[PDB]
Amino acid sequence: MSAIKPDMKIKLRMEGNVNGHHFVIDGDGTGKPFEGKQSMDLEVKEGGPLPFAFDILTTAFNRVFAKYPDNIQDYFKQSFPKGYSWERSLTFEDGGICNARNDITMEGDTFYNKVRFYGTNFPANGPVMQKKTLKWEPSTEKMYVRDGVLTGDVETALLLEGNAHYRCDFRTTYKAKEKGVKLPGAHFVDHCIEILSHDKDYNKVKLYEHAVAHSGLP
């Protein structure tokens, strides 16, 4: 039936640079692709303690972990075993900009993730470089096709200390490695990403995400 098992492993390395600060971060986790649920342990291996809010990274740490109903084409599960890639722009309300990419493959029971994350133009006094973020709010990703490429848009925000939000707009493009994987119709994916636990300087983080695809109806 499926290259994708009900329980899968996740292995990840991210390398990147934010405002000139270099880092390498590993991840090891598990998830339930058909339930839309994943968790992982992250550990900063180089560049810790990170001089910027860990939260900006967390959506870069795989839409295979989204619960798809039968009446929406599941591009991500159909991309396996060969896998798929994504590229994402993040634009923050104070001029901070990030570009991230993940190349996702599958070896047996495990998704492998080659993640890159680059950010620049964050103000030194802003909540990212001052580490004032608390969490991402739950969000809805709008999926559609633009110029033949599956595209997801998110308009979201980070909650900050002090009853304030910090707006970010995401655009992600998604591409199957196999030629011929059919594009889906437009739809939504509801997301909620959470840091479940952390150590003092976020050198160790446990991250969870729940995602469900839907058409806007009950």
Side-chain angles (χ1 to χ4, degrees), residues 1-14 26-42 57-89 100-117 136 138-154 156 170-194 196 206-218:
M1 293 169 51
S2 206
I4 300 178
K5 308 335 295 169
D7 294 281
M8 298 286 282
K9 298 173 175 170
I10 301 166
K11 292 292 201 274
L12 180 148
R13 175 164 281 193
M14 174 185 288
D26 285 340
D28 174 57
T30 65
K32 293 172 182 296
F34 300 99
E35 299 313 308
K37 291 169 174 192
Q38 61 183 123
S39 68
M40 64 193 71
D41 294 317
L42 306 171
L57 303 176
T58 57
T59 73
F61 294 117
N62 178 1
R63 208 67 60 265
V64 84
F65 294 108
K67 191 167 70 178
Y68 272 78
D70 295 0
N71 68 353
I72 308 176
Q73 164 72 348
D74 185 343
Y75 187 73
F76 305 106
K77 291 189 187 75
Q78 291 291 316
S79 294
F80 288 95
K82 275 189 198 207
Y84 73 100
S85 303
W86 61 254
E87 292 199 349
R88 181 172 303 150
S89 64
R101 176 189 176 101
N102 192 3
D103 292 286
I104 308 181
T105 55
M106 192 189 74
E107 307 289 0
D109 62 0
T110 300
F111 296 109
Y112 279 93
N113 301 257
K114 185 177 186 306
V115 192
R116 302 287 182 268
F117 190 106
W136 291 97
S139 72
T140 300
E141 183 173 18
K142 287 188 178 187
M143 298 285 202
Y144 61 87
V145 175
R146 182 177 198 126
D147 194 35
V149 180
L150 180 55
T151 304
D153 289 347
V154 180
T156 192
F170 301 177
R171 178 165 292 152
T172 309
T173 53
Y174 300 96
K175 288 185 189 191
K177 292 180 192 280
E178 200 175 65
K179 268 202 298 179
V181 179
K182 300 307 296 168
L183 292 166
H187 59 279
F188 297 114
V189 181
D190 285 354
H191 293 272
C192 177
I193 193 173
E194 300 180 77
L196 298 184
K206 189 172 176 154
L207 187 65
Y208 176 81
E209 190 216 338
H210 184 201
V212 179
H214 67 87
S215 293
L217 294 173

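Residue numbers run from 1 in the order of the sequence given.
Side chain of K182 to main chain of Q73: no donor-acceptor pair is present (N/O by atom type, distance under 3.5 Å, no hydrogens or angles). Of the possible donor and acceptor atoms, none in the side chain of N113 sits under 3.5 Å from a partner among the backbone N and O of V115. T151 contributes a side-chain N or O that, together with a main-chain N or O of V149, makes up a donor-acceptor pair within less than 3.5 Å. No side-chain donor-acceptor contact under 3.5 Å links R63 to the backbone of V189. Judged purely by atom type and a 3.5 angstrom limit, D190 has no side-chain atom pairing as donor or acceptor with the backbone of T140.
Here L12 contributes atom CG and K114 contributes atom NZ; the two are 11.0 Å apart, rounded to the nearest 0.5 Å. Expressed to the nearest 0.5 Å, how far CD of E209 lies from CE of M40 amounts to 8.0 Å. Here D28 contributes atom CG and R13 contributes atom CZ; the two are 12.5 Å apart, rounded to the nearest 0.5 Å. In this structure, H214 NE2 and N71 CG are separated by 11.5 Å, a value rounded to the nearest 0.5 Å. Distance check: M14 CE to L42 CG gives 8.0 Å after rounding to the nearest 0.5 Å. Summarising the geometry, atom CG belonging to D41 is positioned 11.5 Å from atom CG belonging to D26; distances are rounded to the nearest 0.5 Å.
The shortest side-chain heavy-atom distance between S139 and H191 falls under the 4.5 Å cut-off. The closest side-chain heavy-atom distance from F188 to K142 is below 4.5 Å. Residues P33 and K77 form a side-chain contact, since some pair of their non-hydrogen atoms from C-beta on lies under 4.5 Å apart.
Residues that satisfy the ring pair (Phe, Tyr, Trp, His ring centres under 6.0 Å) test with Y112, not counting sequence neighbours, are absent from this structure. In this structure, the ring pair (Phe, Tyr, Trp, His ring centres under 6.0 Å) partners of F65, at least two apart in sequence or on a different chain, are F111. Checked against side-chain hydrogen bond (donor to acceptor under 3.5 Å, both in side chains), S89 has no partners two or more places apart in sequence or in another chain. Not counting sequence neighbours, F34 has no partner by the ring pair (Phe, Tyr, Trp, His ring centres under 6.0 Å) test. Checked against side-chain hydrogen bond (donor to acceptor under 3.5 Å, both in side chains), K32 has the following partners two or more places apart in sequence or in another chain: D7. Looking at residues two or more places apart in sequence or on another chain, you find a ring pair (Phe, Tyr, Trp, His ring centres under 6.0 Å) between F76 and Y84, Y174.
In plain terms, the two heavy atoms of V64 and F80 that are nearest each other are CG2-CE1, 3.9 Å. Listed here is the closest heavy atom pair of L183 and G148: CD1-O, 3.6 Å. Nearest heavy atoms, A60 versus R88: N-NH1, 3.9 Å.
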Would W86 and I104 count as a side chain to side chain contact (heavy atoms under 4.5 Å, CB included) if you check the C-alpha gap in whole Å, the side-chain angles of each, and the deciding distance to 0.1 Å? CA-CA 8 Å; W86 61 254; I104 308 181; 4.2 Å; yes
Could you walk me through whether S79 and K177 satisfy the side chain to side chain contact (heavy atoms under 4.5 Å, CB included) test, starting with their C-alpha distance in whole Å, then the side-chain angles of each, then the deciding distance to 0.1 Å, before giving a yes or no? CA-CA 7 Å; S79 294; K177 292 180 192 280; over 6 Å; no
Step by step, would you call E107 with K11 a side chain to side chain contact (heavy atoms under 4.5 Å, CB included)?
CA-CA 10 Å; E107 307 289 0; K11 292 292 201 274; over 6 Å; no
Q) Given the rule in the side chain to side chain contact (heavy atoms under 4.5 Å, CB included) test, do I10 and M8 qualify, once you have shown the distances and angles that lead to the verdict? A) CA-CA 7 Å; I10 301 166; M8 298 286 282; 5.9 Å; no
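Only one option out of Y144, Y75, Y68 pairs with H187 in a ring pair (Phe, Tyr, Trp, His ring centres under 6.0 Å); it is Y68.
Around atom NZ of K5, more than 12 heavy atoms belonging to other residues, nucleotides or ligands sit under 6.0 Å away.
Side-chain atoms of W136 and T58 form a donor-acceptor pair, as typed in the model, at a separation below 3.5 Å.
Under a 4.0 Å N-O distance rule, the pair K9/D109 qualifies as a salt bridge.
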